[PDB]
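Accompanying notes for the structure given below.
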Amino acid sequence: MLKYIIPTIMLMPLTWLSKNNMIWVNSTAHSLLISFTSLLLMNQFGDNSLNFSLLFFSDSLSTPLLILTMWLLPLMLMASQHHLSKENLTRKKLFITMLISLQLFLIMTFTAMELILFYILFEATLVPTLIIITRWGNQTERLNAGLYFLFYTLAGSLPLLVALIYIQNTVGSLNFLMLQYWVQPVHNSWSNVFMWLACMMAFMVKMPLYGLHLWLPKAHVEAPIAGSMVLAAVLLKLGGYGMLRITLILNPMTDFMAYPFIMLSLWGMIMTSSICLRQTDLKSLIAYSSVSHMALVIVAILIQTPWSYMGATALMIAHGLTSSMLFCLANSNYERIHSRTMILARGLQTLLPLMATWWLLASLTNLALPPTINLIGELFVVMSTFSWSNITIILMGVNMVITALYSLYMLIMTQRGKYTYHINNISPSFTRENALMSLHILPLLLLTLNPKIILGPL
Amino acid sequence: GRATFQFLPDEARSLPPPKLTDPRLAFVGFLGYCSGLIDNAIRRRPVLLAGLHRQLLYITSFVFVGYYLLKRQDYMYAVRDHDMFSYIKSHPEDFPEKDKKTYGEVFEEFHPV
Amino acid sequence: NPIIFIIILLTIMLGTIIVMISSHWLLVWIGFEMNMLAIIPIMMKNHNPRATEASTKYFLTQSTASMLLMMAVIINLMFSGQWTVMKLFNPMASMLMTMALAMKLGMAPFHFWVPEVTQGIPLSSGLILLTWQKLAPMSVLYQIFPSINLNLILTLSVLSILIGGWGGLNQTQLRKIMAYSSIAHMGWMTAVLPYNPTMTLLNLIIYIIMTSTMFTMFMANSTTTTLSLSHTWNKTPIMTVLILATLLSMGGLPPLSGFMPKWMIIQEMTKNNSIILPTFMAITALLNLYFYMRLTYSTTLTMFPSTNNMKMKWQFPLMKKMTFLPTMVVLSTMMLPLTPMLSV
Amino acid sequence: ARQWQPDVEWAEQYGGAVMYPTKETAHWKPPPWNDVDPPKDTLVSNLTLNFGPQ
Amino acid sequence: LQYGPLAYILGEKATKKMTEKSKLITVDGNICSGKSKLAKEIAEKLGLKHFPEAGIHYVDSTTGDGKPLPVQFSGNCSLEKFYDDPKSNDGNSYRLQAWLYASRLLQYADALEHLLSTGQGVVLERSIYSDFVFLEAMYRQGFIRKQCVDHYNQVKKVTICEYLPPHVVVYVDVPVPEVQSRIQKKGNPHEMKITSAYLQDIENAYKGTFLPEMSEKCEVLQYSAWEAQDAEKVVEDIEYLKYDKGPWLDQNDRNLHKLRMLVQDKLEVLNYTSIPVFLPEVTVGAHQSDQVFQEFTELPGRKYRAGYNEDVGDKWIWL
Amino acid sequence: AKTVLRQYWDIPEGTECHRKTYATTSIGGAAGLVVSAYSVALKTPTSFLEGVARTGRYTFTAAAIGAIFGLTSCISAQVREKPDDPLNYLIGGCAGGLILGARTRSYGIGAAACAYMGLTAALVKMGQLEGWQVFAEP
Amino acid sequence: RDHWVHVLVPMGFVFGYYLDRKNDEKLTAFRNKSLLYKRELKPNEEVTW
Amino acid sequence: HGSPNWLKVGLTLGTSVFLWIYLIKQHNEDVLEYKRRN
Amino acid sequence: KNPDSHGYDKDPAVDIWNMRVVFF
Amino acid sequence: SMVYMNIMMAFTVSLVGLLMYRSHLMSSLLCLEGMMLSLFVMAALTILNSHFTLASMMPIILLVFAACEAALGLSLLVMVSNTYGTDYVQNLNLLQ
């Protein structure tokens with residue numbers, strides 16, 4: 001509620017209004033504080049969900065999901081600091097403003113009270129993200145990532161507004177989710193498929209199916225300095241949750257056609273992870289993880305029958321961190337050596353000993369050792385999706401193999417002798433290198449102690 | 001409506017009116033308050049606070065006008081309604097009274113997984 | 001010289017005020033007959049061998065455009081013999097009205113013109129005045145509004161917003177790029193027109209502002225796209241955040257106000273249970289956006305500052321009312337469910 | 001010489017023409033950078049009359 | 001000069017600031033010939049304001065206050081550099097021309113306002129017209145290449161439109177085959193060994209090239225001698241009016257022509273040269289390259305990032 | 001005019017496959033003229049007989065397609081169950097489009113024509129089959 | 001001066017947290033419900049609404 | 001001796017003194033009208 | 001970025017301030 | 001009766017290939033300045049055979065511009081063929 005948007009918009013002139021170089025520490029100081037407010041009135045119910053205003057129930061829903069969104073902001077200025085210190089302050093004042101200008105809508109969205117505040121705010125980004133990709137790129141291939149990032153996201157999300165304005169005047173008012181207490185079903189026709197297909201395909205083009213992901217590595221391979229907005233674009237994607245607000249209801253009873261979204265993404269899950277093994281560019285190698293065990297949720301959501309939402313929620317915020325943090329490693333190791341080519345960096349682990357245990361705990365949580373959230377987020381997937389049909393144990397059982405050769409080959413490539421020609425790579429990871437790389441593995445594993453705070457209603 | 005080419009007729013006496021401290025009227029001229037700050041910046045003022053005689057007279061203008069315009073908007077949505085009920089009231093043949101049925105009655109589909 | 005230029009430039013709107021104020025078919029002839037009489041000298045001022053091979057390709061293309069109308073006025077003087085201004089009482093009138101009136105606006109066909117004039121008028125000053133002639137005709141179509149064959153005014157629409165879209169992707173001169181995509185926004189407002197004809201004007205005002213604030217910005221020296229590259233490292237960077245705060249908003253994206261006409265218009269065009277029409281319009285204004293992107297990759301990418309070019313002087317143009325408009329061309333979405341009930 | 005590439009040839013590829021997207025047919029001309037004056041200019045000398053033995 | 005429409009339709013200046021004391025004028029000069037020795041001496045008799053010739057810092061000699069800033073921020077080939085006639089160089093010997101040209105219009109653009117605001121006669125040094133003499137010995141001496149010669153010639157047809165030519169235009173007294181010693185005897189350390197080519201070819205190229213305006217409307221005047229030097233000074237003092245008075249203007253061109261009433265030709269020379277932002281508004285670059293006259297984006301394009309400091313130093317608040 | 005459809009959409013409906021490509025070579029044969037109108041008007045065509053010939057050629061080329069298209073359906077629209085069905089009436093598109101691709105050789109067209117002119121066939125029937133309206137009033 | 005820039009901004013919170021209290025007076029319209037949910041006799045429902 | 005016009009400066013101030021005055025002059029009047037009318 | 005200063009974020013002082021403002 | 005189908009076939013004088021073309025523009029501009037009399041006469045009957053008695057001035061006002069304006073657009077046709085000497089619609093120079 002205004003408890004949140006108002007201070008975080010109050011942030012906005014906490015920055016430029018300041019002096020010279022004090023700016024970074026000025027806003028990083030406050031931006032942490034809001035996290036007390038983040039929890040503050042939140043983590044109330046529980047049962048019979050919280051709605052505190054007419055057009056906002058901040059998050060009740062058991063999709064808390066908002067606490068993270070308020071984390072990643074003052075993880076950027078620790079992240080983004082590296083080469084952004086080399087241009088002017090009135091531009092550096094900008095890049096902190098639009099970056100907030102993103103953070104303000106992700107608080108608006110995830111609440112939205114309804115469908116039609118979601119959408120205009122579901123499309124309300126792409127103004128702030130697109131401007132961070134095109135400027136402050138690195139290569140010159142960036143200019144095409146500008147377009148491809150649109151012309152999909154916007155391409156098929158217009159058929160929403162044709163459909164959601166079609167519901168508003170058909171049955172009552174969509175003004176509120178919390179009233180669905182009248183919903184008739186959707187039986188069949190050659191019209192209703194389209195309705196269901198229009199109310200869906202806009203979401204898929206964000207969390208990729210194995211088709212129409214053609215943009216995802218185009219934008220991430222070449223993308224701002226620190227992953228500065230690349231950490232944010234790994235929040236944006238998973239935020240396609242809203243399919244959890246719809247497909248639970250609002251055409252419940254068409255599962256009839258589900259199968260082309262099952263067998264299409266269920267054989268890609270065994271697939272695009274395997275086209276990730278021979279990659280020669282590291283920020284590509286991680287970008288294809290992000291498809292894979294993200295695209296497993298799309299077979300979690302379509303199937304009804306909780307024990308999937310038990311396991312589908314834990315995943316949106318499962319790689320929400322692990323897949324975040326890897327883009328933070330591959331950034332750092334790139335500061336020192338200016339190729340992103342994976343081969344070139346070898347013979348590390350002697351020269352940066354403390355950063356050894358940083359790779360490991362990262363690459364260990366794609367392996368998903370049993371105790372952490374990762375498996376307890378996957379093993380509620382397999383338990384329901386097994387009951388669907390027994391044969392799902394094979395493919396998604398293969399996923400649990402190729403992903404293990406997948407991860408290690410990234411670490412074990414950095415255990416070798418190489419002294420080779422590098423006179424660079426002196427800096428022994430000054431604190432920010434290891435400070436911002438923490439505040440992930442500390443908060444991540446921690447939740448396993450009381451992991452009832454990440455769960456759906458079911 | 002009637003009394004054509006009138007900004008507002010005499011019949012608007014019976015409306016509240018829309019007095020101040022509404023967020024919009026404040027917001028109105030806010031978008032002007034971020035307008036004034038522009039007005040300097042285009043020419044290399046280079047003040048970012050320049051003469052308060054340009055940096056004001058905007059805020060004065062908008063909210064006055066924003067106000068003087070909101071007085072009729074709220075009107076219009078009233079004459080819209082007023083002409084509806086008074087039609088909905090007559091021709092009751094076009095407006096049925098639905099019956100009352102709880103569920104001892106309705107069947108749905110019924111299609112679980 | 002300088003007095004009369006305010007006598008002429010006043011008589012225009014007096015040419016279009018007799019259009020909106022009148023009861024009587026004769027006057028809506030005389031009314032926009034004296035524009036094609038009183039527009040012409042403005043084109044001239046620098047007396048060059050284009051304007052004069054321009055306004056003569058304009059002239060005889062607004063000469064017949066009028067002179068058909070007078071043939072479709074005097075038809076229903078036969079039938080019913082009552083002038084005034086109302087449905088046209090006979091189908092050979094209207095079909096000879098609306099598809100011979102599309103010449104002044106030009107719609108889907110009848111534009112080999114709008115690029116042949118707007119290009120290469122030596123006078124770019126304005127050329128903002130070609131936002132009047134959008135405003136004279138509509139102030140007929142709002143009156144005649146309940147007579148159209150209804151299979152046409154869409155068929156000139158949907159063949160328009162398409163044909164004006166593709167027209168520009170191939171263009172460089174940026175007087176043309178505004179010439180094109182000004183047929184486009186004539187696709188939305190006369191596609192609506194039989195359904196609830198206000199929520200047209202809504203698109204008509206939001207249009208007069210946005211195209212207005214472009215030109216006033218395009219006035220300092222700016223002419224060709226690759227003279228908008230030498231812009232940010234020369235004239236002023238606070239200019240570039242502007243030209244990126246509009247050109248994007250003009251194709252429109254929901255946090256801006258350019259999204260305001262569509263968002264409302266489709267409330268109207270469905271609810272009438274035509275849902276297979278608007279997508280194709282809704283989806284075609286998409287590749288109407290790829291002018292502006294790729295226009296906007298000119299100015300923020302620091303492209304080869306012109307040459308050694310040193311402008312140490314300040315400016316003395318007339319920015320008049322530019323220091324307002326892109327706070328009303330952008331930020332108004334958050335404000336208004338007025339536009340449907342305000343002008344109505 | 002790092003952050004990106006706003007390089008040599010990105011300007012001339014927008015250089016004034018119809019800018020053939022995939023194919024070239026008929027370009028127009030670089031338009032006159034000043035007030036347009038491409039065309040021909042007409043001047044007749046004078047009239048030659050003899051006013052004669054009249 | 002007019003100021004908007006408002007300061008015009010009430011009162012103006014057409015003939016009532018021009019009493020026939022207007023009479024714009026210039027001179028020519030060779031290399032180290034007619035620079036300051038004569039034309040400077042003439043301001044009065046007739047009370048004519050004089051302008052300085054050329055050099056990199058003339059635009060620094062406006063705007064202030066006024067101390068000239070270094071050669072980075074005002075870029076050029078830096079006179080006493082190209083005197084190495086760098087026909088193999090970075091370059092360039094052309095980019096000097098641009099800033100050598102970029103002021104060359106600005107003086108002549110700053111004169112045409114002085115008359116209509118005053119009516120004082122104005123003597124010049126080398127106006128925009130007579131600069132082209134260098135290009136003959138600039139093009140034929142091989143240090144300029146092709147494609148940089150026509151470029152400012154493609155600028156020539158653009159830049160010169162509404163300019164009323166000078167009246168009494170005077171070619172210089174010439175020492176024929178001497179200026180070898182004149183450049184020798186006067187010092188000028190870096191005006192040096194540069195040979196007959198840029199010595200002799202200009203002299204062949206003064207008259208036979210500059211001839212058109214010499215035969216154009218406004219009556220010209222010519223000497224070949226040592227100089228005026230107390231002999232032809234008074235001759236070119238009073239008797240340069242006697243030729244400039246009765247038999248003065250041929251087609252006249254400088255009448256402020258048939259709009260002379262302060263109309264379309266009359267005040268639109270003097271509304272074009274106020275706020276001289278539009279005067280060098282077509283001088284800004286072509287499509288891409290020319291391979292010579294250039295500045296890259298950041299490399300070396302940070303030169304503006306230094307001269308970027310608030311860009312308006314003083315306007316204090318409240319007003 | 002509008003009625004060519006009206007007797008097209010009424011009588012045959014899956015049977016009498018001979019009239020159904022009889023009247024559906026008219027449409028795709030009719031619209032060949034309009035493209036031949038702007039062909040010589042907008043594009044030059046200085047040819048008394050030559051020009052005429054060129055025009056005719058283009059027109060006929062365009063024309064090819066309407067004839068077979070009615071046929072490729074009502075054949076198969078007869079032979080399976082003897083109605084027409086949203087799958088049934090596709091088929092005329094792909095092979096139908098191949099005619100254009102059969103012309104002016106394929107590899108970059110013949111698939112696309114089969115593809116897209118395939119995709120947009122079914123909708124027609126699927127359209128009236130659910131009672132869709134493109135141009136309506138309240 | 002006293003650095004208005006700094007923690008003066010967090011005061012935005014209680015600024016806002018008050019606004020969430022502005023509405024509860026106009027959302028009072030139901031003191032009556034069967035779920036306990038009473039607003040029965042007590043001076044409890046009376047506060048907060 | 002700062003040099004604005006000292007001609008117009010204060011008009012904009014003085015003008016707003018009118019507007020807000022006139023604004024409330026219409027407002028403080030019209031408020032009672034609702035009740036006077038209702 | 002080592003003139004044998006220790007350093008974390010940027011320069012002499014508030015760097016030292018900038019570490020306690022993150023850690024704490 | 002019949003006089004309303006002539007003159008009407010006359011008011012297809014438009015015929016547009018001969019409205020802008022071919023060269024000798026003066027032929028094009030001509031069939032324009034005589035496109036009147038198809039507008040005039042046609043409207044000098046319907047007004048007349050029934051006694052309107054009032055709109056009777058309208059015929060006069062259908063000329064007073066038709067001459068005034070069409071005489072303007074003649075002017076340009078000097079400016080074209082002043083700089084040329086042949087009108088010849090075949091001047092295209094401003095292109096698109």
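Residue names in the structure tokens use chain letters A, B, ... in the order shown, residue numbers from 1 in each chain, and ligand numbers from 1 in the order shown.
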Can you pull out the residues contacting stretch 108-111 of chain B? Cut-off 12 Å, using only C-alpha atoms, and skip same-chain residues under 6 positions away; I want them as a PDB file with C-alpha atoms, in the first residue's frame.
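For reference, out_5.pdb as written:
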```
ATOM      1  CA  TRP A 182     -20.128 -15.890  -9.840  1.00  0.00           C
ATOM      2  CA  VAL A 183     -18.228 -17.641 -12.604  1.00  0.00           C
ATOM      3  CA  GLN A 184     -19.810 -19.698 -15.327  1.00  0.00           C
ATOM      4  CA  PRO A 185     -17.595 -22.151 -17.213  1.00  0.00           C
ATOM      5  CA  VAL A 186     -16.378 -22.305 -20.794  1.00  0.00           C
ATOM      6  CA  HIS A 187     -17.700 -25.377 -22.550  1.00  0.00           C
ATOM      7  CA  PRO A 252     -11.541 -23.433 -15.578  1.00  0.00           C
ATOM      8  CA  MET A 253     -12.975 -26.329 -17.485  1.00  0.00           C
ATOM      9  CA  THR A 254     -11.046 -26.272 -20.711  1.00  0.00           C
ATOM     10  CA  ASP A 255      -8.180 -28.620 -20.150  1.00  0.00           C
ATOM     11  CA  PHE A 256      -9.245 -30.118 -23.488  1.00  0.00           C
TER      12      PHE A 256
END
```
Using only C-alpha atoms, which residues of chain D come within 12 Å of chain J, and what is the closest atom pair for each, with the distance in Å to one decimal? Give it as a tab-separated table, sorted by chain and residue number.
```
residue	atom	partner	partner_atom	distance
D:17	CA	J:96	CA	11.2
D:18	CA	J:96	CA	9.1
D:26	CA	J:96	CA	10.8
D:27	CA	J:95	CA	9.8
D:28	CA	J:95	CA	7.0
D:29	CA	J:95	CA	9.5
D:30	CA	J:95	CA	11.6
D:31	CA	J:94	CA	9.4
D:32	CA	J:94	CA	11.2
D:36	CA	J:94	CA	10.0
D:37	CA	J:93	CA	10.9
D:38	CA	J:93	CA	8.9
D:39	CA	J:93	CA	8.3
D:40	CA	J:83	CA	7.3
D:41	CA	J:83	CA	5.8
D:42	CA	J:83	CA	5.1
D:43	CA	J:83	CA	8.3
D:44	CA	J:85	CA	10.0
```
**OP:** Please determine the contact residues of chain C with respect to chain A at a cut-off of 9 Å, counting only C-alpha atoms, and supply them as a PyMOL selection string.
**Re:** chain C and resi 253-256+263+266-267+270-271+273+275+278-279+282-283+286-287+290+293+297+300-301
Original post:
Skipping near chain neighbours, those fewer than 3 positions away, what residues fall within 10 Å of stretch 11-25 of chain H using only C-alpha atoms, listed as a list in words?
Top reply: residues 52, 53, 54, 55, 56, 57, 58, 59, 60, 61, 63, 64, 65, 67 and 68 of chain B; 6, 7, 8, 28, 29, 30 and 31 of chain H
Output file for the selection above: C-alpha atoms, as a tab-separated table (two decimals), in the first residue's frame:
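Final output, selection_29.tsv:
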```
chain	number	residue	atom	x	y	z
B	52	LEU	CA	9.64	32.34	-9.27
B	53	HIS	CA	7.48	34.58	-11.47
B	54	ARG	CA	7.81	32.04	-14.29
B	55	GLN	CA	8.24	29.15	-11.85
B	56	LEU	CA	4.82	30.28	-10.69
B	57	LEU	CA	1.82	31.51	-12.71
B	58	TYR	CA	1.69	28.01	-14.08
B	59	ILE	CA	0.57	26.34	-10.86
B	60	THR	CA	-1.90	29.19	-10.53
B	61	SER	CA	-3.29	28.53	-14.00
B	63	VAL	CA	-5.55	24.17	-10.84
B	64	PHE	CA	-7.89	27.05	-11.45
B	65	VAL	CA	-8.60	25.67	-14.90
B	67	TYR	CA	-10.91	23.04	-11.17
B	68	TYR	CA	-13.19	25.14	-13.30
H	6	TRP	CA	11.14	45.64	-13.60
H	7	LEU	CA	8.10	46.30	-15.77
H	8	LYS	CA	6.34	42.96	-15.91
H	28	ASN	CA	-16.46	30.40	-1.32
H	29	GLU	CA	-19.54	31.72	-3.10
H	30	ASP	CA	-20.56	28.51	-4.85
H	31	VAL	CA	-20.09	26.31	-1.79
```
Original post:
Given a cut-off of 7 Å, which residues of chain B touch chain E, counting only C-alpha atoms, written out as a count of residues only?
Top reply: 5
